[PDB]
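Reconstructed Cβ throughout: ideal geometry from the backbone, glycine too, with neighbour counts over all protein chains shown. Values in this text are rule-based calculations from the coordinates and carry no lab data.
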There are 12 protein chains.
Amino acid sequence: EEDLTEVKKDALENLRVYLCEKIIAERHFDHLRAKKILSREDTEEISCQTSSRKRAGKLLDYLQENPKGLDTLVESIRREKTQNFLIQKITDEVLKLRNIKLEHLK
Amino acid sequence: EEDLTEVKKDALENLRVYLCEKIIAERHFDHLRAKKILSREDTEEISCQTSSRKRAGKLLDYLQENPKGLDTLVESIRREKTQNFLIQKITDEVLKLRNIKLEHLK
Amino acid sequence: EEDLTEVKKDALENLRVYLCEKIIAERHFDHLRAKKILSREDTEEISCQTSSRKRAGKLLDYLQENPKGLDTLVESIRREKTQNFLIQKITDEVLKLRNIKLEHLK
Amino acid sequence: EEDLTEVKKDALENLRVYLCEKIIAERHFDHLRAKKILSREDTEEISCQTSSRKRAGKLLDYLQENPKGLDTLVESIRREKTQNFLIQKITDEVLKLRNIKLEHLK
Amino acid sequence: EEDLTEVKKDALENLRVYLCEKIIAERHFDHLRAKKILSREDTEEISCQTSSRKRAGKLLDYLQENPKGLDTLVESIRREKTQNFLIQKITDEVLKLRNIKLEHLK
Amino acid sequence: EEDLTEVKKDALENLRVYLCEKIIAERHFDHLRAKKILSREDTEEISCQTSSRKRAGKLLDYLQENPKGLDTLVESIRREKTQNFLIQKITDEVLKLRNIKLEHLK
Amino acid sequence: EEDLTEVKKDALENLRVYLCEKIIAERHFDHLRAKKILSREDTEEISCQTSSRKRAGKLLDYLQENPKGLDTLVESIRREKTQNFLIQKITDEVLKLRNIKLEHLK
Amino acid sequence: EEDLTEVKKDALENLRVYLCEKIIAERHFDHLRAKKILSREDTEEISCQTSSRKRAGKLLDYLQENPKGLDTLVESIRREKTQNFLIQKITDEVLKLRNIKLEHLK
Amino acid sequence: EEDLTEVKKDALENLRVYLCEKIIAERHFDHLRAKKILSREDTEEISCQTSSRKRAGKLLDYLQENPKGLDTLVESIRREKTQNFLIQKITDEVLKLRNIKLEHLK
Amino acid sequence: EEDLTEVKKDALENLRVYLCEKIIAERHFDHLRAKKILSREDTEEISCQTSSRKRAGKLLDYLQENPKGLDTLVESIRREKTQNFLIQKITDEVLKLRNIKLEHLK
Amino acid sequence: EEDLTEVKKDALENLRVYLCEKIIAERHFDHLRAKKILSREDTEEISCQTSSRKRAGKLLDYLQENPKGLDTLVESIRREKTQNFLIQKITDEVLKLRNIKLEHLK
Amino acid sequence: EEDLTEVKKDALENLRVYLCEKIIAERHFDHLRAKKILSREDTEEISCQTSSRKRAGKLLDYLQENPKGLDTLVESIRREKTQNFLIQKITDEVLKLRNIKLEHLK
């Protein structure tokens, strides 16, 4: 429907509570993967002056604008050491996305 | 009575003195929780140009408009490290709300 | 009846009390949406010299003249973060509109 | 005599010279205390467009109208860091009030 | 027809909703490219006092006046990291421009 | 013929539509250049109380009275960043002036 | 002779040219000092709708009526930062007053 | 009296000079004890970007808000190696608290 | 002739074009030197709400009123890092002053 | 005479040139001492957004309002490492104060 | 012609795209060389609060005002490690300067 | 003349290029000698977060404020191992100081 991109942002915002847990790996993951999408300076803006949680908040705020908010998901499969739980997170993400999709169908 | 929402604002204003103590965690708490209710840019407006107390003042001013001024309370239970006193604050909040409610019954 | 446009203004005026709560997002919402209807300079007139509530008052005064006072409603659905309560506001708006419509039928 | 309220305004005006010194803390003090009496938008009117001294002038102009011009005094005791001199100011205030009161007795 | 410049402004205004997504890179992009067209102080006016979205609004308002509203497009190709979606935006821009052009032909 | 000064005013009025585009730089340009001709307080009158377009209108109204309505043109060459289009404007200005001059010759 | 009050007005009018230089501090000085003599609303009338020089003109027009046109002089000594020249102005004022006084003696 | 909490803040501020001596152990003590009360990210905010004394200043600023400013005292007994003098500090703290308490009784 | 003060203002206005280059150091220079002459609040008025060039414009407008428009020159020698060119500016200033002085002699 | 407080401000302003040298230790000194007088948030306002010299300027501006502008002097004796020259500064301060005092005696 | 200084600014602005590449060495180069011309605090303003590219933008904005925009070039020869390409940059700079010079000759 | 202190700062700034060579021994020399003058925390500020050259830059920036910029020279004689060249540096320093002194005599 070309609106699943929009509902991805809503799913992200509903899931922004789970930021604190596993976006501590923000620089660990996205600064090296999502540079395919994220701006180079944006990594510096995220990292330079924040307090390591709000830092992830700004990361996800930059992510919402992109329609491919599944880029973090795709990166998450990489570095499978963290994925034992972060795949639990991708399942949580897919569950929220499915709930919002079911609402979208109405 | 559907007016407890309104008296919540009065309780907040009477309790706005206690802002300085534990809304220093404004960005620590609400920018990551109340984004469910607060506007995304509103976080930027709160944070970008203020002096870290008046900043909390603008946060609570944005909060008064919402009827669910208990969202800060709900978030406050999360991050229980601060809650040893901030639950003392939720008790203070409930006490003020109860006083205003008793006045409302008259 | 082509008069629902007129009764929309009456509903707005009866509902102008609720301005203070959620038209604080005036520049947040309408300056970027209702520019489809609002004049470009009108945004500057609203914003430049006022005190952030009367500012919303002038916004709604400019809105009354337009028949499509549902443009603010349509915009309100966008930015769903604020809509948890602002949809409560669209329900309030629809309730007032329905009351005035029932009066119009008489 | 129920006129001490009126003579409080005269004492304030005679003491409006001392505005420049310690009403620089206008937003620091009253925007968070005297919101119990001051209008919410009035804080925005004071702060938004002025030059940080005349700003305090408008604050005190709004204060004169209230009979409880001792609200600033009561707030002044709070935040005792500034009170080392601002209590010297409350003594100055009480001295002016006493002088005007003695004139009132005549 | 020398009027495509004018219809570019209409296309921009119709597309001003998509501001929030990828003009967050306003200072990231235009302050360093469109200084070829934008005024030097205008960068300071955009950046100094706003809230990071309305900031982009003022940027696009300054852009509408220029006929070469394709300067942002030309800059957008530069910094291809953001272009994975921002080229989706240039396609969206070209689509809106084509729609308005077809209307212009009538 | 010493009347080209007069026809300059007519050309300006015919061209007053193009005010909105690039006299947004009114304070950016003339308040610092045309102070050679414009009154010092006149800058304050233009800037202090208007809405940023009508402001330019009053600027051009003050300009019509001066015969040297080419002062804005001369200033326009300065700050060449804006001149990529504003020279398109000086060409437009010269075209209108030439048309009116040809009418004057009759 | 109880007429020096009257000749003070003449000295002021002869010296009204020097208004533009250092009554730019009108709100800076008199709105906070001469409120001892000037009407409270008169400050609002001076400030609200003028163009920052004529504003000082209305200030001095209100001053002429008062016999104590030395109140501005007394205030001028306060805020000695401006007094390096504004005392040159009080010397100019005293010189004009002395000239008019010598004429008065005749 | 339920105000000893408040006077604890005053005692702390009066004792903030002694910060430099033995809050150099800020990360040594509180980041591992007062995490029972201090926010997890707050440790990162304290540590990441400061200069090891002002760092302790921000620590104590976060401590003032908590009523249990005796948490640092309780932690101080732990790690008795530093307590040979830091108990001299707890005696100093208790002395200041007793002085302020005696003032409170008045 | 005691009129060189007046011709200094004319030289300044003729030289107000060179404002944009090296009065960017307005707060860098005058807010810390010319506070000997400039009003304390005037620094706040200059700095608080402008766009960093017009800001310098208001600075020079406040400077024209003072006869000692050489105060900026005297300050300019201080902070010799900028003086490599700003002394070129003092030479330019002296050249303009000399030209106007030669005109004054006529 | 109870006016030495006022002349202290004049001495400070005359001595505000020497700010740049040894108020670089602003956060080093006053944020930990003058918190006895300075507001807690005022430290944040000074430090958060400035450029490390103007920062000291705002510090001294906050200091002028206090009559006890000798608090910085008293603190200066503490941390004697800097006092080898900063006592030369206290001698300079006392010299300026003595000069202004001699002027006050007149 | 004494205007090559001015055309240097135009060459810089045309070359401001190449900022991102090798003004990353801003603090590496100019904070230690161009302190001969740049203000001492200006280094702090550049460095303290920016995001490492816009930082270079402000650096070059401060550079444009100086006529000796070849100071960066002269410094660039120093630290020849970076010069393998940065001399390619000085050649690019000289090429742009030569192009603008040829335009200037016209 | 009591101004040789000031010209010492100019000599230092002219000699700040030679920082990179032999202030690499910053922590090696001054953190253990100039603690007689440098602040204790200032050593931590210099060392903790920089990149070992800019670190020396901040060291010399702290040094300029002190009049006894010969303290580094006095320390330099100590640790004669480095002095084989660093005395060549003290000769260079004395040469620059002598040049500036000769300029001062003029």
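Quick notes on this structure:
- Computed over chain C, relative contact order equals 42 percent, with contacts defined as Cα pairs under 8 Å that lie 6+ residues apart.
- Three semi-axes of the equivalent ellipsoid, the protein assembly as shown, Cα gyration tensor, whole Å, largest first: 44, 43, 40
- A cut-off of 5 Å between modelled amide H atoms, ignoring neighbours fewer than 5 places along the same chain, links H:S39 with no other residue.
- Dipole of chain K, positive direction: furthest Cα of K:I24, K:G69, K:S47, with charges on the beta-carbon: K:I24
- Span from the the stretch H:57-103 Cα centroid across to the the stretch K:1-57 one, whole angstrom: 49 Å
- Shown in residue order for the stretch E:18-32 are the 3J(HN,Hα) couplings computed by the Karplus curve 6.51 cos²θ - 1.76 cosθ + 1.60 at θ = phi - 60°: 5, 3, 4, 5, 10, 10, 4, 7, 3, 5, 5, 10, 7, 4, 10 Hz (x for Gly and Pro).
- Mean per-residue shielding of peptide I:60-70 is 4, counting Cβ atoms of other chains within 10 Å of each Cβ.
- Of all beta-carbon atoms in chain B, the one sitting closest to the axis that brings chain B onto chain G gives B:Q49, 4, with the distance in whole angstrom.
- Counted charge near K:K36, where neighbours are those whose Cβ lies closer than 14 Å (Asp, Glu -1; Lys, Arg +1): +3
- Helix D:4-14 vs. chain D, principal-axis angle (Cα, 0 to 90°, nearest 10): 70 degrees
- Pairs over the 23 Å Cα-Cα cut-off, from the set D:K22/G:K68; B:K35/E:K22; A:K22/B:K35; J:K35/J:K96; D:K96/G:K35; G:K58/J:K58: D:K22/G:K68; J:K35/J:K96; G:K58/J:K58.
- The mean number of partner chain beta-carbon atoms within 10 angstrom of a residue's beta-carbon across peptide B:79-85 is 6.
- Ellipticity estimate at 222 nm from DSSP helix runs (n ≥ 4, -39,500 (n - 2.57)) divided over chain A, nearest 500: -19500 deg cm²/dmol
- Cβ-derived FRET efficiency at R0 25 Å, E:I87 paired with K:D92, nearest 0.05: 0.35
- In degrees, nearest ten, helix F:54-65 long axis to first principal axis of chain F (Cα): 50 degrees
- Rg/Rh ratio calculated on Cα atoms of the stretch B:1-81 (Kirkwood radius): 0.94
- Working note: Karplus 6.51/-1.76/1.60 with θ = phi - 60° gives the stretch A:71-79 the couplings 5, 4, 4, 4, 4, 4, 4, 5, 6 Hz, where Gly and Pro are set to x.
- Taking Cα centre as origin and charging only the Cβ of basic (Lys, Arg, +1) and acidic (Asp, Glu, -1) residues, the dipole magnitude of chain A rounds to 460 debye.
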